[PDB]
Amino acid sequence: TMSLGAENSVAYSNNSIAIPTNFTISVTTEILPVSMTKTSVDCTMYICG
Amino acid sequence: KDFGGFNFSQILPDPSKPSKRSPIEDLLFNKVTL
């Protein structure tokens, strides 16, 4: 049965905050299709020829 | 649940029932009939 991810119960108190010290610059990628091939089928040559 | 006075009890899951859903998620499942 699938795991939905790790369990990370975070330390919420009423007066404690977490603040970053360092950072990472991360480059992710994302692929999007924008176009198809421009096919075109004539009926008359297809159905009859 | 000490969130400064805010009461997220209607949206947090209810452990004292099965399926572990919030009250609002309970009424959302009971009000939609397949």
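Residues numbered from 1 in each chain as written, not as in the entry; some residues may be left out. Chains lettered and ligands numbered in written order. Part of a larger assembly, values for the part shown. Heavy atoms only, no water.

The name that the PDB entry assigns to chain A is Surface glycoprotein, with the source organism given as Severe acute respiratory syndrome coronavirus 2.

A. The arrangement of a nonpolar patch on the surface in detail. There is a patch of nonpolar side chains on the surface, built from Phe6, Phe8, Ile11, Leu12, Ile24, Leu28 and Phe29 of chain B and spanning about 690 Å² of accessible area. In this structure, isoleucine 24 of chain B sits in helix α1 (residues 23–30). (Patch = residues over 30% accessible without salt bridge, like charges linked within 9 Å, V, L, I, M, F, W, Y side chains within 5 Å. Areas by Shrake-Rupley, 256 points an atom, 1.4 Å probe, with all protein chains shown as cover. Salt bridge = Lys/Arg side-chain N within 4 Å of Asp/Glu carboxyl O. Helix = DSSP H or I, 4+ residues; strand = E, 2+ residues; numbered from the N terminus.)

B. View of the side chain of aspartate 26 of chain B. Residue and element names in this part refer to chain B. Within the secondary structure, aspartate 26 is located in helix α1. Looking at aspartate 26, the relative accessible area reads 10%, which means it is buried. There is a polar contact of 3.4 Å between the side chain of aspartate 26 and the side chain of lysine 17. (Buried < 20%, exposed > 50% of the residue type's maximum accessible area, 1.4 Å probe, protein only. Polar contact = N/O pair within 3.5 Å; in protein donor to acceptor, adjacent residues only side chain to side chain.)

C. Region of interest: the pattern of salt bridges. Residues and elements named next belong to chain B. The final tally for this structure, using the stated rule, is two salt bridges over all chains. Close ionic contact of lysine 17 with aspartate 26 constitutes a salt bridge, the shortest N to O distance being 3.4 Å. Look at the salt bridges and you will find they share partners, linking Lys17, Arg21 and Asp26 into a network.

D. Looking closely at unusual backbone geometry. Residues and elements named next belong to chain B. Even without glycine at this site, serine 19 takes up a positive phi of about 70 degrees. As for its placement among the helices and strands, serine 19 is situated in the segment before α1. The class of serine 19 is partly exposed, set by a relative accessible area of 47%.

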